[PDB]
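First up is the structure itself, then whatever we jot down about it.
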Amino acid sequence: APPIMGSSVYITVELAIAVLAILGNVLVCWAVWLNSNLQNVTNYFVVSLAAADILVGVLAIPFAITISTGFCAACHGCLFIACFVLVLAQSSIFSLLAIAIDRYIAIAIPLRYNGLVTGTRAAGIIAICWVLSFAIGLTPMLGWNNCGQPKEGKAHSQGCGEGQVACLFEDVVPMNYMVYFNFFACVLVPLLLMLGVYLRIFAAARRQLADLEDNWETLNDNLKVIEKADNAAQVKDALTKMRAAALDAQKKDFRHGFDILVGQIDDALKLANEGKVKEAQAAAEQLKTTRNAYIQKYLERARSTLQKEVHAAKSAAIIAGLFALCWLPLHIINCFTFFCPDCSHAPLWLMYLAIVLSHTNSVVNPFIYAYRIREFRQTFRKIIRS
Ligand SMILES: CC(C)CCC[C@@H](C)[C@H]1CC[C@H]2[C@@H]3CC=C4C[C@@H](O)CC[C@]4(C)[C@H]3CC[C@]12C
Ligand SMILES: CC(C)CCC[C@@H](C)[C@H]1CC[C@H]2[C@@H]3CC=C4C[C@@H](O)CC[C@]4(C)[C@H]3CC[C@]12C
Ligand SMILES: CC(C)CCC[C@@H](C)[C@H]1CC[C@H]2[C@@H]3CC=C4C[C@@H](O)CC[C@]4(C)[C@H]3CC[C@]12C
Ligand SMILES: CCn1c(=O)c2c(nc(/C=C/c3ccc(OC)c(OC)c3)n2C)n(CC)c1=O
Ligand SMILES: CCCCCCCC/C=C/CCCCCCCC(=O)O
Ligand SMILES: CCCCCCCC/C=C\CCCCCCCC(=O)O
Ligand code: NA
């Protein structure tokens with residue numbers, strides 16, 4: 001069948017994806033610019049990622065349409081339009097890795113997050129990552145390319161001029177670059193590191209939630225021990241364990257609560273050490289008002305904050321996983337092309353499906369934000385309504 005027919009379908013689909021990638025990610029960037037509740041370091045990387053996806057629509061997809069035609073071009077110009085999308089993917093990888101690391105710092109050392117992770121340092125990291133993304137993605141332009149070995153029979157059949165090639169991705173970009181350097185080193189390894197970071201995030205959250213419930217149970221158990229103690233020494237033992245746990249949980253109304261709690265434990269220990277069991281047990285009962293009025297409120301808020309961090313880390317992990325799902329088919333096909341020269345090449349229709357799927361990744365993030373992050377969803381609604 002005439003190539004222009006299957007080309008027409010591929011090109012129309014690419015153009016539809018480009019429209020949606022631009023619209024959704026412009027909306028992401030507008031939301032962050034407009035809403036101060038969205039202006040945090042994590043979202044500066046979200047914006048960097050949306051900018052990469054805007055440029056997939058504006059540049060990488062027009063470039064992909066162009067290179068599907070095999071038009072006559074100087075080999076190094078052809079290289080640039082072949083490789084620019086690799087810059088954007090690499091930038092996306094760096095942004096996704098930064099987001100994972102940011103959430104890990106927030107869950108593992110929240111007390112030093114704000115002093116360690118600042119907007120100016122984030123903006124510098126983003127600049128560096130964009131520079132490194134150009135260096136990685138345009139590495140074929142530094143000489144790791146097939147321009148030294150042009151397919152002259154294909155160029156002559158297409159009437160190309162002297163020094164020109166039929167501009168085709170696999171004719172100019174070496175597959176050993178695409179497989180070993182781009183895929184294994186620059187994509188797979190960072191995705192695997194991301195997986196490791198998310199595992200550490202969820203394990204740290206699970207451990208901290210378990211510790212909250214353990215400290216609550218230890219407090220209530222030790223209250224029972226005091227209630228059913230039969231000498232002053234048993235009361236002393238349980239209170240000493242209560243006091244060390246209270247200080248461990250201490251590091252306004254909350255600090256007031258902990259101040260009362262530790263003070264009331266000290267009151268009871270003083271009576272216990274004087275051998276006044278009944279007086280110490282009555283003093284320790286006072287702890288129950290402090291537990292009800294203050295400590296339980298601190299516990300629920302800490303649990304709620306941890307649960308919100310788990311939810312936000314799950315949202316970020318979904319984004320990273322969808323990047324992997326959308327890009328892996330094309331990379332896997334490249335592995336078959338490279339490692340199995342006895343295998344027939346994947347058919348053209350499948351090449352174009354895998355390319356289109358990789359571009360679809362630039363559409364999906366605005367939807368994940370809308371469905372999973374209330375502050376985004378509400379700002380989107382306000383932008384759209386107005
Ligand atoms: C600021 C942004 C929008 C600038 C976009 C510039 C783009 C479209 C330019 C920059 C470099 C250009 C390429 C440089 C060299 C060649 C080789 C020539 O034989 C055919 C065209 C081709 C392949 C050009 C295509 C257009 C091109 C990719
Ligand atoms: C979960 C997602 C990431 C997995 C996607 C796996 C896809 C990309 C795999 C599964 C089966 C694979 C195909 C199996 C058989 C062949 C025939 C061979 O002559 C060319 C490669 C080709 C055509 C493979 C291309 C890659 C392929 C289509
Ligand atoms: C998902 C994570 C672990 C990375 C993706 C796994 C990749 C690297 C694996 C998945 C299946 C693998 C392919 C399965 C079958 C073949 C055909 C064989 O003649 C050459 C190797 C080749 C082409 C493999 C290359 C590596 C491969 C593409
Ligand atoms: C991930 C980076 N990458 C790629 O890795 C990639 C690719 N296009 C091809 C392959 C295109 C293709 C293969 C064979 C063809 O004809 C036999 C063909 O004709 C249009 C296109 N590959 C391998 N593109 C799209 C521009 C791409 O972005
Ligand atoms: C092709 C990829 C290989 C690139 C290797 C080049 C090395 C680039 C070095 C990384 C820059 C890291 C930080 C440099 C800026 C200094 C920050 C500061 O002033 O505090
Ligand atoms: C929102 C997406 C907007 C896209 C703007 C540009 C639309 C057309 C895309 C690229 C056109 C590619 C031209 C084809 C190359 C020449 C064909 C040939 O010489 O054989
Ligand atoms: Na992306």
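Ordering of the structure tokens sets the chain letters (A, B, ...), residue numbers begin anew at 1 in every chain, and ligands are numbered from 1 in the order given.
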> So which residues touch residue 74 of chain A within 8 Å, counting only C-alpha atoms, skipping near sequence neighbours fewer than 4 positions away, as a list in words?
Replying inline: residues 78, 163, 164 and 165 of chain A
Restricted to N, CA and C atoms, what would the selected residues look like written as a compact mmCIF listing (two decimals), in the first residue's frame?
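As written to disk, result-v3.txt reads:
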```txt
# COMPACT_ATOMS: atom_id res chain seq x y z
N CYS A 78 20.53 15.75 10.38
CA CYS A 78 19.66 14.60 10.62
C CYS A 78 19.89 14.05 12.03
N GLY A 163 27.00 14.54 -0.05
CA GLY A 163 27.06 14.75 1.38
C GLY A 163 25.76 14.58 2.13
N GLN A 164 24.69 14.15 1.48
CA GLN A 164 23.41 13.96 2.14
C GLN A 164 23.08 12.48 2.30
N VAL A 165 22.24 12.19 3.29
CA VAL A 165 21.73 10.84 3.51
C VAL A 165 20.21 10.91 3.54
```
> So which residues are near ligand 3, meaning at most 6 Å away with only C-alpha atoms and all ligand atoms counted, given back as a list in words?
Replying inline: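 Checked against 6 Å with only C-alpha atoms and all ligand atoms; the hits are residues 332, 335, 336, 339 and 340 of chain A.
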> Near residue 18 of chain A, counting only C-alpha atoms, which residues have an atom at most 8 Å away, once you skip same-chain residues fewer than 3 positions from it, shown as number ranges by chain?
Replying inline: A: 14-15, 21-22, 56-58, 61
>> As a quick test: using only C-alpha atoms and all ligand atoms, which residues lie no more than 12 Å away from ligand 6? Give them as a ChimeraX atom specification.
In response: /A:3-4,7-8,10-23,54-73,78,81,158-160,166-168
Resulting file, chosen residues, C-alpha atoms, as a short mmCIF file (atom, residue, chain, number, x, y, z; two decimals), in the first residue's frame:
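Result written to out36.cif:
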```cif
data_model
loop_
_atom_site.label_atom_id
_atom_site.label_comp_id
_atom_site.auth_asym_id
_atom_site.auth_seq_id
_atom_site.Cartn_x
_atom_site.Cartn_y
_atom_site.Cartn_z
CA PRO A 3 3.37 4.66 2.20
CA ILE A 4 1.55 7.99 2.51
CA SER A 7 2.21 7.61 7.22
CA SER A 8 -0.99 9.71 7.38
CA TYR A 10 1.02 7.83 12.18
CA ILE A 11 1.36 11.58 11.60
CA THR A 12 -2.24 12.36 12.59
CA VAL A 13 -1.84 10.40 15.82
CA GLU A 14 1.48 12.16 16.54
CA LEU A 15 -0.15 15.55 16.00
CA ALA A 16 -3.05 14.66 18.32
CA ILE A 17 -0.58 13.61 21.03
CA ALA A 18 1.43 16.82 20.53
CA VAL A 19 -1.69 18.97 21.06
CA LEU A 20 -2.59 17.15 24.26
CA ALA A 21 0.98 17.19 25.60
CA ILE A 22 1.20 20.96 25.14
CA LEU A 23 -2.22 21.71 26.62
CA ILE A 54 5.85 20.70 26.31
CA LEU A 55 9.00 20.44 24.16
CA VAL A 56 8.05 16.87 23.15
CA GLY A 57 4.93 18.39 21.66
CA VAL A 58 6.53 21.49 20.13
CA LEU A 59 9.82 19.95 18.88
CA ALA A 60 10.33 16.18 19.37
CA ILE A 61 7.07 15.19 17.70
CA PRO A 62 7.57 17.49 14.65
CA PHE A 63 11.11 16.07 14.54
CA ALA A 64 9.77 12.49 14.71
CA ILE A 65 7.30 13.19 11.88
CA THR A 66 10.15 14.64 9.81
CA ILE A 67 12.51 11.68 10.35
CA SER A 68 9.82 9.15 9.44
CA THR A 69 9.87 10.51 5.87
CA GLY A 70 13.50 9.65 5.15
CA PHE A 71 14.03 13.08 3.54
CA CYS A 72 17.45 14.06 2.16
CA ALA A 73 19.55 15.86 4.79
CA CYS A 78 19.66 14.60 10.62
CA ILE A 81 16.62 15.97 14.82
CA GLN A 158 16.17 9.13 -3.23
CA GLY A 159 18.05 11.66 -5.31
CA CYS A 160 19.94 13.02 -2.34
CA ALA A 166 18.17 9.63 3.68
CA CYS A 167 17.36 10.95 7.16
CA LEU A 168 16.27 7.86 9.10
#
```
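With only C-alpha atoms and all ligand atoms as the atoms that count, the residue of A:33, A:80, A:180, A:45 with the shortest distance to ligand 1 is A:80.
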>> Using only C-alpha atoms for the distances, tell me which of A:263, A:110, A:161, A:148 is nearest to residue 284 of chain A.
In response: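 The closest residue to residue 284 of chain A is A:263.
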> How would you write, as an MDAnalysis selection string, the set of residues in segment 330-386 of chain A that DSSP gives as helix (DSSP H, G or I)?
Replying inline: chainID A and resid 330:339 348:372 374:385
>> I'd like the interatomic distance between atom CA of residue 98 of chain A and atom CA of residue 174 of chain A, to a tenth of an Å.
In response: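 Pair atom CA of residue 98 of chain A / atom CA of residue 174 of chain A returns 29.2 Å.
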> Got a sec: who's within 10 Å of residue 95 of chain A, counting only C-alpha atoms, leaving out chain neighbours fewer than 2 positions off, as a list in words?
Replying inline: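 Listed by chain and then number, they are residues 42, 44, 45, 46, 47, 48, 49, 50, 52, 89, 90, 91, 92, 93, 97, 98, 99, 100, 101, 125, 126, 129, 130 and 320 of chain A.
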> Just how far from atom CA of residue 146 of chain A is atom CA of residue 177 of chain A, in Å to one decimal?
Replying inline: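 Taking atom CA of residue 177 of chain A and atom CA of residue 146 of chain A, their separation equals 10.6 Å.
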With a distance cut-off of 8 Å and only C-alpha atoms, select the neighbouring residues of segment 274-282 of chain A, excluding the residue or stretch itself and same-chain residues fewer than 3 positions from it, and output the selection as a tab-separated table (two decimals) with N, CA and C atoms, in the first residue's frame.
```tsv
chain	number	residue	atom	x	y	z
A	226	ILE	N	1.36	0.25	86.25
A	226	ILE	CA	1.32	1.09	87.45
A	226	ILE	C	0.04	0.83	88.22
A	227	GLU	N	-1.08	0.70	87.52
A	227	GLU	CA	-2.37	0.50	88.18
A	227	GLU	C	-2.39	-0.76	89.03
A	230	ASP	N	2.19	-3.58	92.95
A	230	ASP	CA	1.99	-3.87	94.36
A	230	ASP	C	3.08	-3.31	95.25
A	231	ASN	N	4.10	-2.66	94.69
A	231	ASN	CA	5.11	-1.97	95.49
A	231	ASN	C	5.58	-0.73	94.75
A	232	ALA	N	6.28	0.13	95.49
A	232	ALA	CA	6.74	1.38	94.91
A	232	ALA	C	7.79	1.12	93.84
A	233	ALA	N	8.54	0.03	93.97
A	233	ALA	CA	9.59	-0.26	93.00
A	233	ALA	C	9.03	-0.60	91.62
A	235	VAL	N	6.14	0.59	90.37
A	235	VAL	CA	5.72	1.88	89.83
A	235	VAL	C	6.91	2.65	89.29
A	267	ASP	N	6.49	13.94	88.79
A	267	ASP	CA	5.75	14.00	90.04
A	267	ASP	C	5.57	12.60	90.60
A	268	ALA	N	5.13	11.67	89.75
A	268	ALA	CA	4.86	10.31	90.19
A	268	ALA	C	6.13	9.57	90.57
A	269	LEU	N	7.22	9.74	89.80
A	269	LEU	CA	8.50	9.13	90.17
A	269	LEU	C	9.00	9.62	91.52
A	270	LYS	N	8.76	10.89	91.84
A	270	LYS	CA	9.24	11.40	93.11
A	270	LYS	C	8.50	10.71	94.25
A	271	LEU	N	7.19	10.53	94.10
A	271	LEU	CA	6.42	9.81	95.10
A	271	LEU	C	6.83	8.35	95.18
A	285	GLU	N	-2.40	8.33	87.40
A	285	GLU	CA	-3.72	8.39	86.77
A	285	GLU	C	-3.98	9.75	86.12
A	286	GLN	N	-3.35	10.80	86.65
A	286	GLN	CA	-3.49	12.13	86.06
A	286	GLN	C	-3.00	12.13	84.62
```
> Pick from A:326, A:293, A:199, A:242: nearest to ligand 7, with only C-alpha atoms and all ligand atoms counted?
Replying inline: A:326
> So which residues are near ligand 2, meaning at most 9 Å away with only C-alpha atoms and all ligand atoms counted, given back as an NGL selection string?
Replying inline: :A and (324-337 or 340-347 or 350 or 354)
>> Need the shell around residue 305 of chain A: protein/DNA/RNA residues with any atom at most 12 Å away, counting only C-alpha atoms. Skip same-chain ones fewer than 3 positions apart. Format as a PyMOL selection string?
In response: chain A and resi 106-107+110+205+208-209+212+298-302+308-312
Selected residues, N, CA and C atoms, written as a tab-separated table (two decimals), in the first residue's frame, please.
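Wrote result30.tsv, looks like this:
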```tsv
chain	number	residue	atom	x	y	z
A	106	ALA	N	12.48	14.22	52.67
A	106	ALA	CA	11.37	14.72	53.47
A	106	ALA	C	10.88	13.67	54.47
A	107	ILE	N	10.91	12.38	54.11
A	107	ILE	CA	10.43	11.35	55.03
A	107	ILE	C	11.52	10.92	56.02
A	110	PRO	N	12.87	14.97	58.17
A	110	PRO	CA	12.02	16.16	58.00
A	110	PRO	C	12.51	17.38	58.77
A	205	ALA	N	8.43	5.04	55.92
A	205	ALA	CA	7.08	5.37	56.36
A	205	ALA	C	6.45	4.24	57.17
A	208	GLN	N	8.06	4.21	60.61
A	208	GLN	CA	7.71	5.33	61.48
A	208	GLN	C	6.28	5.21	61.98
A	209	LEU	N	5.38	4.72	61.13
A	209	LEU	CA	4.00	4.48	61.55
A	209	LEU	C	3.94	3.39	62.62
A	212	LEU	N	5.06	4.89	65.91
A	212	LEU	CA	4.02	5.68	66.56
A	212	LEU	C	3.07	4.78	67.33
A	298	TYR	N	-1.61	14.58	69.15
A	298	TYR	CA	-0.32	14.58	68.46
A	298	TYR	C	-0.15	13.32	67.63
A	299	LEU	N	-0.46	12.16	68.21
A	299	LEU	CA	-0.39	10.90	67.48
A	299	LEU	C	-1.21	10.92	66.19
A	300	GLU	N	-2.47	11.37	66.26
A	300	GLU	CA	-3.30	11.35	65.05
A	300	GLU	C	-2.76	12.28	63.97
A	301	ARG	N	-2.23	13.44	64.35
A	301	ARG	CA	-1.69	14.36	63.36
A	301	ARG	C	-0.41	13.80	62.75
A	302	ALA	N	0.45	13.18	63.57
A	302	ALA	CA	1.65	12.55	63.03
A	302	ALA	C	1.29	11.42	62.08
A	308	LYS	N	-0.15	11.12	54.45
A	308	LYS	CA	-0.11	12.05	53.33
A	308	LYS	C	1.20	11.94	52.56
A	309	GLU	N	2.29	11.72	53.28
A	309	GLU	CA	3.57	11.48	52.62
A	309	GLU	C	3.56	10.16	51.84
A	310	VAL	N	2.97	9.09	52.40
A	310	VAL	CA	2.82	7.85	51.64
A	310	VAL	C	2.00	8.09	50.38
A	311	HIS	N	0.89	8.84	50.50
A	311	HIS	CA	0.04	9.10	49.34
A	311	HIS	C	0.77	9.90	48.28
A	312	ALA	N	1.54	10.90	48.70
A	312	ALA	CA	2.27	11.71	47.74
A	312	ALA	C	3.40	10.91	47.10
```
>> How would you report the residues lying within 6 Å of ligand 4, as an MDAnalysis selection string, if you count only C-alpha atoms and all ligand atoms?
In response: chainID A and resid 64 68 82 85 169:170 334 348 351 355
Let me see the file: selected residues, N, CA and C atoms, as a CSV table (one decimal), in the first residue's frame.
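Just written: selection_30.csv:
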```
chain,number,residue,atom,x,y,z
A,64,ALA,N,10.1,13.9,15.0
A,64,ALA,CA,9.8,12.5,14.7
A,64,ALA,C,9.0,12.3,13.4
A,68,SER,N,10.5,10.3,10.0
A,68,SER,CA,9.8,9.2,9.4
A,68,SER,C,9.8,9.2,7.9
A,82,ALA,N,17.2,13.6,15.1
A,82,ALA,CA,17.0,12.3,15.7
A,82,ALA,C,17.3,12.3,17.2
A,85,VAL,N,15.1,14.3,21.1
A,85,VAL,CA,14.1,13.7,22.0
A,85,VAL,C,14.9,13.0,23.1
A,169,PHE,N,16.1,7.4,11.5
A,169,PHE,CA,16.7,7.3,12.9
A,169,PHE,C,17.8,6.2,12.9
A,170,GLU,N,17.4,5.0,12.5
A,170,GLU,CA,18.3,3.9,12.6
A,170,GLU,C,19.5,3.9,11.6
A,334,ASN,N,14.6,-2.0,20.4
A,334,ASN,CA,16.0,-1.7,20.1
A,334,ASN,C,16.9,-2.8,20.5
A,348,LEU,N,7.4,-2.2,10.7
A,348,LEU,CA,7.2,-0.7,10.8
A,348,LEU,C,6.0,-0.3,11.6
A,351,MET,N,7.0,-0.4,15.1
A,351,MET,CA,7.9,0.8,15.4
A,351,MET,C,7.1,2.0,15.6
A,355,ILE,N,6.8,4.2,19.1
A,355,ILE,CA,7.2,5.6,19.1
A,355,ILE,C,6.0,6.4,19.7
```
Sorted by chain and rising residue number, list the residues of chain A at most 6 Å from ligand 5 (counting only C-alpha atoms and all ligand atoms), each with its closest atom pair and distance in Å to one decimal, as JSON lines.
```
{"residue": "A:132", "atom": "CA", "partner": "ligand 5", "partner_atom_place_in_ligand_line": "2 (C)", "distance": 5.9}
{"residue": "A:135", "atom": "CA", "partner": "ligand 5", "partner_atom_place_in_ligand_line": "1 (C)", "distance": 4.9}
{"residue": "A:136", "atom": "CA", "partner": "ligand 5", "partner_atom_place_in_ligand_line": "1 (C)", "distance": 5.1}
```
Kindly export the residues of the current selection with N, CA, C and O atoms, as a PDB file, in the first residue's frame.
```pdb
ATOM      1  N   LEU A 132      23.506  18.448  31.499  1.00  0.00           N
ATOM      2  CA  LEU A 132      23.897  17.042  31.377  1.00  0.00           C
ATOM      3  C   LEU A 132      22.985  16.291  30.409  1.00  0.00           C
ATOM      4  O   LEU A 132      23.422  15.353  29.725  1.00  0.00           O
ATOM      5  N   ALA A 135      24.220  16.952  26.986  1.00  0.00           N
ATOM      6  CA  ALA A 135      25.465  16.222  26.735  1.00  0.00           C
ATOM      7  C   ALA A 135      25.211  14.742  26.483  1.00  0.00           C
ATOM      8  O   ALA A 135      25.791  14.161  25.555  1.00  0.00           O
ATOM      9  N   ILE A 136      24.335  14.129  27.283  1.00  0.00           N
ATOM     10  CA  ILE A 136      24.010  12.713  27.120  1.00  0.00           C
ATOM     11  C   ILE A 136      23.228  12.486  25.826  1.00  0.00           C
ATOM     12  O   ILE A 136      23.509  11.554  25.051  1.00  0.00           O
TER      13      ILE A 136
END
```
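Proximity to segment 260-262 of chain A at 10 Å, evaluated using only C-alpha atoms and with sequence-adjacent residues fewer than 4 positions away removed, yields residues 239, 242, 243, 244, 245, 246, 247, 250, 254, 255, 256, 266, 267, 268, 284, 286, 287, 288, 289, 290, 291, 294 and 295 of chain A.
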>> What's the separation between atom CA of residue 365 of chain A and atom CA of residue 30 of chain A, in Å to one decimal place?
In response: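 Atom CA of residue 30 of chain A lies at a distance of 14.4 Å from atom CA of residue 365 of chain A.
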